[PDB]
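So this one's target_3.pdb, PDB, C-alpha atoms:
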```pdb
ATOM      1  CA  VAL A   1       7.373 297.777 194.500  1.00  0.00           C
ATOM      2  CA  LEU A   2       4.319 295.522 194.796  1.00  0.00           C
ATOM      3  CA  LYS A   3       2.006 294.724 197.706  1.00  0.00           C
ATOM      4  CA  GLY A   4       0.231 291.386 197.763  1.00  0.00           C
ATOM      5  CA  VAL A   5       0.528 287.664 198.494  1.00  0.00           C
ATOM      6  CA  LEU A   6       3.356 285.323 197.563  1.00  0.00           C
ATOM      7  CA  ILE A   7       1.982 281.851 196.812  1.00  0.00           C
ATOM      8  CA  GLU A   8       4.392 278.910 197.035  1.00  0.00           C
ATOM      9  CA  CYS A   9       3.502 275.365 195.972  1.00  0.00           C
ATOM     10  CA  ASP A  10       4.540 272.570 193.625  1.00  0.00           C
ATOM     11  CA  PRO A  11       5.232 273.532 189.986  1.00  0.00           C
ATOM     12  CA  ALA A  12       2.098 271.701 188.808  1.00  0.00           C
ATOM     13  CA  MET A  13      -0.163 274.073 190.740  1.00  0.00           C
ATOM     14  CA  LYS A  14       1.878 277.045 189.506  1.00  0.00           C
ATOM     15  CA  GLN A  15       1.294 275.906 185.922  1.00  0.00           C
ATOM     16  CA  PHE A  16      -2.408 275.413 186.676  1.00  0.00           C
ATOM     17  CA  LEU A  17      -2.574 278.984 187.998  1.00  0.00           C
ATOM     18  CA  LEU A  18      -0.781 280.212 184.872  1.00  0.00           C
ATOM     19  CA  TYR A  19      -3.320 278.366 182.712  1.00  0.00           C
ATOM     20  CA  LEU A  20      -6.147 279.971 184.690  1.00  0.00           C
ATOM     21  CA  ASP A  21      -4.535 283.380 184.157  1.00  0.00           C
ATOM     22  CA  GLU A  22      -4.140 282.922 180.401  1.00  0.00           C
ATOM     23  CA  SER A  23      -7.621 281.402 179.987  1.00  0.00           C
ATOM     24  CA  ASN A  24      -9.336 284.194 181.985  1.00  0.00           C
ATOM     25  CA  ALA A  25     -11.055 281.592 184.160  1.00  0.00           C
ATOM     26  CA  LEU A  26     -11.388 284.144 186.980  1.00  0.00           C
ATOM     27  CA  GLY A  27     -12.544 286.795 184.495  1.00  0.00           C
ATOM     28  CA  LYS A  28      -9.371 288.910 184.560  1.00  0.00           C
ATOM     29  CA  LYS A  29      -5.557 288.802 184.622  1.00  0.00           C
ATOM     30  CA  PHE A  30      -5.154 289.195 188.397  1.00  0.00           C
ATOM     31  CA  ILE A  31      -2.304 286.655 188.360  1.00  0.00           C
ATOM     32  CA  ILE A  32       0.149 289.465 187.706  1.00  0.00           C
ATOM     33  CA  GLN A  33       3.744 288.741 188.716  1.00  0.00           C
ATOM     34  CA  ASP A  34       5.684 285.491 188.347  1.00  0.00           C
ATOM     35  CA  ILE A  35       8.960 285.430 190.275  1.00  0.00           C
ATOM     36  CA  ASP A  36       9.995 281.766 190.506  1.00  0.00           C
ATOM     37  CA  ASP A  37       9.148 278.384 189.013  1.00  0.00           C
ATOM     38  CA  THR A  38       7.393 277.482 192.292  1.00  0.00           C
ATOM     39  CA  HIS A  39       6.519 280.990 193.552  1.00  0.00           C
ATOM     40  CA  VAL A  40       3.943 283.446 192.202  1.00  0.00           C
ATOM     41  CA  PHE A  41       2.663 286.880 193.223  1.00  0.00           C
ATOM     42  CA  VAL A  42      -1.109 287.389 193.428  1.00  0.00           C
ATOM     43  CA  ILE A  43      -3.287 290.296 194.538  1.00  0.00           C
ATOM     44  CA  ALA A  44      -5.027 289.382 197.792  1.00  0.00           C
ATOM     45  CA  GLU A  45      -8.443 290.850 196.926  1.00  0.00           C
ATOM     46  CA  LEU A  46      -9.608 287.646 195.182  1.00  0.00           C
ATOM     47  CA  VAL A  47      -7.557 284.872 196.784  1.00  0.00           C
ATOM     48  CA  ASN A  48     -10.782 283.145 197.877  1.00  0.00           C
ATOM     49  CA  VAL A  49     -11.895 282.275 194.341  1.00  0.00           C
ATOM     50  CA  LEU A  50      -8.433 280.826 193.694  1.00  0.00           C
ATOM     51  CA  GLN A  51      -8.866 278.592 196.747  1.00  0.00           C
ATOM     52  CA  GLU A  52     -12.305 277.550 195.487  1.00  0.00           C
ATOM     53  CA  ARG A  53     -10.891 276.700 192.051  1.00  0.00           C
ATOM     54  CA  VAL A  54      -8.021 274.723 193.595  1.00  0.00           C
ATOM     55  CA  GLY A  55     -10.464 272.793 195.771  1.00  0.00           C
ATOM     56  CA  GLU A  56     -12.682 272.077 192.769  1.00  0.00           C
ATOM     57  CA  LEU A  57      -9.687 270.777 190.813  1.00  0.00           C
ATOM     58  CA  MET A  58      -8.579 268.664 193.781  1.00  0.00           C
ATOM     59  CA  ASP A  59     -11.930 267.028 194.533  1.00  0.00           C
ATOM     60  CA  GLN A  60     -12.886 266.659 190.856  1.00  0.00           C
ATOM     61  CA  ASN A  61     -10.409 263.790 190.405  1.00  0.00           C
ATOM     62  CA  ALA A  62     -11.017 262.361 193.865  1.00  0.00           C
ATOM     63  CA  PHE A  63     -14.118 260.100 193.727  1.00  0.00           C
ATOM     64  CA  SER A  64     -15.357 260.744 197.249  1.00  0.00           C
ATOM     65  CA  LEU A  65     -16.725 257.544 198.781  1.00  0.00           C
ATOM     66  CA  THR A  66     -19.564 259.329 200.614  1.00  0.00           C
TER
ATOM     67  CA  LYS B   1      -9.283 250.984 149.911  1.00  0.00           C
ATOM     68  CA  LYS B   2      -5.885 249.396 150.571  1.00  0.00           C
ATOM     69  CA  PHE B   3      -4.265 252.000 148.316  1.00  0.00           C
ATOM     70  CA  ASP B   4      -6.035 254.766 150.248  1.00  0.00           C
ATOM     71  CA  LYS B   5      -4.943 253.268 153.576  1.00  0.00           C
ATOM     72  CA  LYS B   6      -1.315 252.850 152.501  1.00  0.00           C
ATOM     73  CA  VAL B   7      -1.150 256.448 151.291  1.00  0.00           C
ATOM     74  CA  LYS B   8      -2.948 257.760 154.403  1.00  0.00           C
ATOM     75  CA  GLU B   9      -0.547 255.979 156.766  1.00  0.00           C
ATOM     76  CA  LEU B  10       2.301 258.060 155.292  1.00  0.00           C
ATOM     77  CA  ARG B  11       0.346 261.257 154.559  1.00  0.00           C
ATOM     78  CA  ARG B  12       0.450 262.368 158.204  1.00  0.00           C
ATOM     79  CA  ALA B  13       4.071 261.291 158.772  1.00  0.00           C
ATOM     80  CA  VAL B  14       5.444 264.342 156.958  1.00  0.00           C
ATOM     81  CA  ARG B  15       2.761 266.568 158.502  1.00  0.00           C
ATOM     82  CA  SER B  16       3.716 265.578 162.059  1.00  0.00           C
ATOM     83  CA  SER B  17       7.308 266.746 161.438  1.00  0.00           C
ATOM     84  CA  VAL B  18       6.327 270.262 160.292  1.00  0.00           C
ATOM     85  CA  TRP B  19       5.052 271.916 163.469  1.00  0.00           C
ATOM     86  CA  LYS B  20       7.707 272.376 166.158  1.00  0.00           C
ATOM     87  CA  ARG B  21       6.399 274.661 168.930  1.00  0.00           C
ATOM     88  CA  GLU B  22       2.838 274.345 170.246  1.00  0.00           C
ATOM     89  CA  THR B  23       2.869 276.429 173.437  1.00  0.00           C
ATOM     90  CA  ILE B  24       2.558 280.164 172.765  1.00  0.00           C
ATOM     91  CA  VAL B  25       4.965 282.461 174.604  1.00  0.00           C
ATOM     92  CA  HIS B  26       3.061 284.849 176.883  1.00  0.00           C
ATOM     93  CA  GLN B  27       5.859 287.266 177.766  1.00  0.00           C
ATOM     94  CA  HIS B  28       4.481 290.541 179.147  1.00  0.00           C
ATOM     95  CA  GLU B  29       6.142 293.366 177.195  1.00  0.00           C
ATOM     96  CA  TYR B  30       5.009 296.415 179.140  1.00  0.00           C
ATOM     97  CA  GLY B  31       5.322 299.809 177.497  1.00  0.00           C
ATOM     98  CA  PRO B  32       6.110 303.190 179.040  1.00  0.00           C
ATOM     99  CA  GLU B  33       4.905 303.621 182.605  1.00  0.00           C
ATOM    100  CA  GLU B  34       2.093 306.013 183.520  1.00  0.00           C
ATOM    101  CA  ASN B  35       2.408 308.062 186.713  1.00  0.00           C
ATOM    102  CA  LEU B  36      -0.750 308.405 188.809  1.00  0.00           C
ATOM    103  CA  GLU B  37      -1.258 309.979 192.230  1.00  0.00           C
ATOM    104  CA  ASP B  38       0.461 308.749 195.410  1.00  0.00           C
ATOM    105  CA  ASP B  39       3.645 307.864 193.482  1.00  0.00           C
ATOM    106  CA  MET B  40       1.824 305.082 191.627  1.00  0.00           C
ATOM    107  CA  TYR B  41       3.263 303.708 188.384  1.00  0.00           C
ATOM    108  CA  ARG B  42       1.211 301.586 185.982  1.00  0.00           C
ATOM    109  CA  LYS B  43       2.642 299.446 183.176  1.00  0.00           C
ATOM    110  CA  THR B  44       0.398 298.161 180.381  1.00  0.00           C
ATOM    111  CA  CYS B  45       1.321 294.985 178.512  1.00  0.00           C
ATOM    112  CA  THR B  46       1.160 295.329 174.728  1.00  0.00           C
ATOM    113  CA  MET B  47       0.562 291.590 174.211  1.00  0.00           C
ATOM    114  CA  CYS B  48      -2.595 290.996 176.271  1.00  0.00           C
ATOM    115  CA  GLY B  49      -3.505 294.328 177.880  1.00  0.00           C
ATOM    116  CA  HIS B  50      -2.135 293.204 181.241  1.00  0.00           C
ATOM    117  CA  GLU B  51      -1.860 296.004 183.810  1.00  0.00           C
ATOM    118  CA  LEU B  52       0.684 296.158 186.647  1.00  0.00           C
ATOM    119  CA  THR B  53       0.367 298.904 189.274  1.00  0.00           C
ATOM    120  CA  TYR B  54       3.220 299.429 191.727  1.00  0.00           C
ATOM    121  CA  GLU B  55       4.883 302.025 193.950  1.00  0.00           C
ATOM    122  CA  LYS B  56       8.436 303.161 193.186  1.00  0.00           C
ATOM    123  CA  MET B  57      10.641 304.223 196.096  1.00  0.00           C
TER
END
```
Please rewrite the model in this file as structure tokens.
Amino acid sequence: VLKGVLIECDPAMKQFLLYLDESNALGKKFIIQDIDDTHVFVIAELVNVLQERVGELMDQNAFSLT
Amino acid sequence: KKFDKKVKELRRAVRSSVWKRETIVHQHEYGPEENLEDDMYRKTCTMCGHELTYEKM
């Protein structure tokens, strides 16, 4: 059995996380278990960098008016 | 130049119909499990070196 964090979101973000896992963007393969098309299993020790990457992807194609 | 263009416009037509699958399958084919302390079991993927550590009840 595994101990960690289940992450649920739209399939686009799941595919983005899979691309990050295969490209070693975070430096390792910590995206370990895939259970569903919209659910993934991730070790909680580095969830913060995943949030940072998601935020960077989100605000990259945003064109903030500030 | 027109001859070169009219052969080029059909040169890539046959080429585009050759390749079928672009995405590479990344299935994790773990081998035999290794037993560590505290009832820990580790599986190593033979395709990319992926490691999965879990606890078996």
Residue IDs satisfying the PyMOL selection byres ((chain A) within 9 of (chain B)), as a list in words: residues 1, 2, 3, 22, 29, 30, 32 and 33 of chain A
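With atom CA of residue A:54 on one side and atom CA of residue A:35 on the other, the separation reads 20.3 Å.
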Expected selection from the PyMOL selection byres ((chain A and resi 46) around 12), given as an NGL selection string: :A and (4-5 or 26-31 or 42-45 or 47-53)
Give the centre and edge lengths of an axis-aligned box, in Å to one decimal, that holds all listed atoms of stretch 9-13 of chain B with 6 Å on each side, as JSON.
```
{"center_x": 1.8, "center_y": 259.2, "center_z": 156.7, "size_x": 16.6, "size_y": 18.4, "size_z": 16.2}
```
Exercise: residue A:13 partners within 10 Å, all atoms listed in the file, chain neighbours under 5 positions left out, as a ChimeraX atom specification: /A:8,18-19,38,54
Atom pair atom CA of residue B:47 / atom CA of residue A:10: separation (Å): 27.5 Å
Separation of atom CA of residue A:63 from atom CA of residue A:23, in Å and rounded to one decimal: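 According to the coordinates, atom CA of residue A:63 and atom CA of residue A:23 are separated by 26.2 Å.
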Could N, CA, C and O atoms be built for stretch 25-48 of chain B and written out as a PDB file, keeping the file's coordinate frame?
```
ATOM      1  N   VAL B  25       4.277 281.664 173.596  1.00  0.00           N
ATOM      2  CA  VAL B  25       4.965 282.461 174.604  1.00  0.00           C
ATOM      3  C   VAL B  25       4.075 283.625 175.017  1.00  0.00           C
ATOM      4  O   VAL B  25       3.539 284.350 174.169  1.00  0.00           O
ATOM      5  N   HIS B  26       3.917 283.810 176.324  1.00  0.00           N
ATOM      6  CA  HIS B  26       3.061 284.849 176.883  1.00  0.00           C
ATOM      7  C   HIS B  26       3.883 285.863 177.670  1.00  0.00           C
ATOM      8  O   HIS B  26       3.511 286.278 178.770  1.00  0.00           O
ATOM      9  N   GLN B  27       5.023 286.268 177.115  1.00  0.00           N
ATOM     10  CA  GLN B  27       5.859 287.266 177.766  1.00  0.00           C
ATOM     11  C   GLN B  27       5.142 288.610 177.798  1.00  0.00           C
ATOM     12  O   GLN B  27       4.588 289.056 176.787  1.00  0.00           O
ATOM     13  N   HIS B  28       5.150 289.256 178.962  1.00  0.00           N
ATOM     14  CA  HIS B  28       4.481 290.541 179.147  1.00  0.00           C
ATOM     15  C   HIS B  28       5.469 291.651 178.809  1.00  0.00           C
ATOM     16  O   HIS B  28       6.385 291.942 179.581  1.00  0.00           O
ATOM     17  N   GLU B  29       5.280 292.276 177.647  1.00  0.00           N
ATOM     18  CA  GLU B  29       6.142 293.366 177.195  1.00  0.00           C
ATOM     19  C   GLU B  29       5.437 294.688 177.493  1.00  0.00           C
ATOM     20  O   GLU B  29       4.749 295.267 176.653  1.00  0.00           O
ATOM     21  N   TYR B  30       5.617 295.161 178.723  1.00  0.00           N
ATOM     22  CA  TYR B  30       5.009 296.415 179.140  1.00  0.00           C
ATOM     23  C   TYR B  30       5.658 297.595 178.426  1.00  0.00           C
ATOM     24  O   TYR B  30       6.859 297.598 178.142  1.00  0.00           O
ATOM     25  N   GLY B  31       4.844 298.607 178.138  1.00  0.00           N
ATOM     26  CA  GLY B  31       5.322 299.809 177.497  1.00  0.00           C
ATOM     27  C   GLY B  31       5.761 300.850 178.506  1.00  0.00           C
ATOM     28  O   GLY B  31       6.134 300.530 179.639  1.00  0.00           O
ATOM     29  N   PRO B  32       5.738 302.121 178.106  1.00  0.00           N
ATOM     30  CA  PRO B  32       6.110 303.190 179.040  1.00  0.00           C
ATOM     31  C   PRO B  32       5.153 303.249 180.222  1.00  0.00           C
ATOM     32  O   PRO B  32       3.952 303.006 180.087  1.00  0.00           O
ATOM     33  N   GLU B  33       5.700 303.575 181.388  1.00  0.00           N
ATOM     34  CA  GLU B  33       4.905 303.621 182.605  1.00  0.00           C
ATOM     35  C   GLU B  33       4.140 304.936 182.706  1.00  0.00           C
ATOM     36  O   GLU B  33       4.608 305.992 182.269  1.00  0.00           O
ATOM     37  N   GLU B  34       2.949 304.858 183.288  1.00  0.00           N
ATOM     38  CA  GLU B  34       2.093 306.013 183.520  1.00  0.00           C
ATOM     39  C   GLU B  34       2.096 306.338 185.006  1.00  0.00           C
ATOM     40  O   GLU B  34       1.916 305.444 185.841  1.00  0.00           O
ATOM     41  N   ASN B  35       2.303 307.611 185.332  1.00  0.00           N
ATOM     42  CA  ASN B  35       2.408 308.062 186.713  1.00  0.00           C
ATOM     43  C   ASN B  35       1.065 308.614 187.174  1.00  0.00           C
ATOM     44  O   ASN B  35       0.575 309.607 186.628  1.00  0.00           O
ATOM     45  N   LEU B  36       0.479 307.966 188.174  1.00  0.00           N
ATOM     46  CA  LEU B  36      -0.750 308.405 188.809  1.00  0.00           C
ATOM     47  C   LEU B  36      -0.421 309.058 190.150  1.00  0.00           C
ATOM     48  O   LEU B  36       0.745 309.296 190.482  1.00  0.00           O
ATOM     49  N   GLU B  37      -1.454 309.355 190.933  1.00  0.00           N
ATOM     50  CA  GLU B  37      -1.258 309.979 192.230  1.00  0.00           C
ATOM     51  C   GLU B  37      -0.641 308.989 193.218  1.00  0.00           C
ATOM     52  O   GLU B  37      -0.612 307.775 192.993  1.00  0.00           O
ATOM     53  N   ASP B  38      -0.136 309.535 194.326  1.00  0.00           N
ATOM     54  CA  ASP B  38       0.461 308.749 195.410  1.00  0.00           C
ATOM     55  C   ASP B  38       1.644 307.918 194.919  1.00  0.00           C
ATOM     56  O   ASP B  38       1.849 306.783 195.353  1.00  0.00           O
ATOM     57  N   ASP B  39       2.430 308.493 194.005  1.00  0.00           N
ATOM     58  CA  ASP B  39       3.645 307.864 193.482  1.00  0.00           C
ATOM     59  C   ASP B  39       3.363 306.495 192.866  1.00  0.00           C
ATOM     60  O   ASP B  39       4.190 305.584 192.946  1.00  0.00           O
ATOM     61  N   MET B  40       2.195 306.343 192.249  1.00  0.00           N
ATOM     62  CA  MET B  40       1.824 305.082 191.627  1.00  0.00           C
ATOM     63  C   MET B  40       2.294 305.051 190.179  1.00  0.00           C
ATOM     64  O   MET B  40       2.189 306.045 189.458  1.00  0.00           O
ATOM     65  N   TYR B  41       2.817 303.903 189.756  1.00  0.00           N
ATOM     66  CA  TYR B  41       3.263 303.708 188.384  1.00  0.00           C
ATOM     67  C   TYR B  41       2.563 302.486 187.811  1.00  0.00           C
ATOM     68  O   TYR B  41       2.571 301.415 188.427  1.00  0.00           O
ATOM     69  N   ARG B  42       1.964 302.648 186.635  1.00  0.00           N
ATOM     70  CA  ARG B  42       1.211 301.586 185.982  1.00  0.00           C
ATOM     71  C   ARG B  42       1.861 301.244 184.650  1.00  0.00           C
ATOM     72  O   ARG B  42       2.157 302.139 183.851  1.00  0.00           O
ATOM     73  N   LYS B  43       2.079 299.954 184.418  1.00  0.00           N
ATOM     74  CA  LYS B  43       2.642 299.446 183.176  1.00  0.00           C
ATOM     75  C   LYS B  43       1.593 298.601 182.471  1.00  0.00           C
ATOM     76  O   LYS B  43       0.978 297.725 183.089  1.00  0.00           O
ATOM     77  N   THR B  44       1.390 298.863 181.183  1.00  0.00           N
ATOM     78  CA  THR B  44       0.398 298.161 180.381  1.00  0.00           C
ATOM     79  C   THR B  44       1.102 297.241 179.393  1.00  0.00           C
ATOM     80  O   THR B  44       1.951 297.690 178.616  1.00  0.00           O
ATOM     81  N   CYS B  45       0.745 295.960 179.426  1.00  0.00           N
ATOM     82  CA  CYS B  45       1.321 294.985 178.512  1.00  0.00           C
ATOM     83  C   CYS B  45       0.731 295.162 177.119  1.00  0.00           C
ATOM     84  O   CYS B  45      -0.488 295.283 176.961  1.00  0.00           O
ATOM     85  N   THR B  46       1.599 295.176 176.108  1.00  0.00           N
ATOM     86  CA  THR B  46       1.160 295.329 174.728  1.00  0.00           C
ATOM     87  C   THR B  46       0.724 294.017 174.093  1.00  0.00           C
ATOM     88  O   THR B  46       0.212 294.034 172.968  1.00  0.00           O
ATOM     89  N   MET B  47       0.912 292.887 174.774  1.00  0.00           N
ATOM     90  CA  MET B  47       0.562 291.590 174.211  1.00  0.00           C
ATOM     91  C   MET B  47      -0.847 291.150 174.588  1.00  0.00           C
ATOM     92  O   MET B  47      -1.550 290.553 173.765  1.00  0.00           O
ATOM     93  N   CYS B  48      -1.279 291.430 175.821  1.00  0.00           N
ATOM     94  CA  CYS B  48      -2.595 290.996 176.271  1.00  0.00           C
ATOM     95  C   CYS B  48      -3.333 292.060 177.074  1.00  0.00           C
ATOM     96  O   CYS B  48      -4.365 291.748 177.681  1.00  0.00           O
TER      97      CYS B  48
END
```
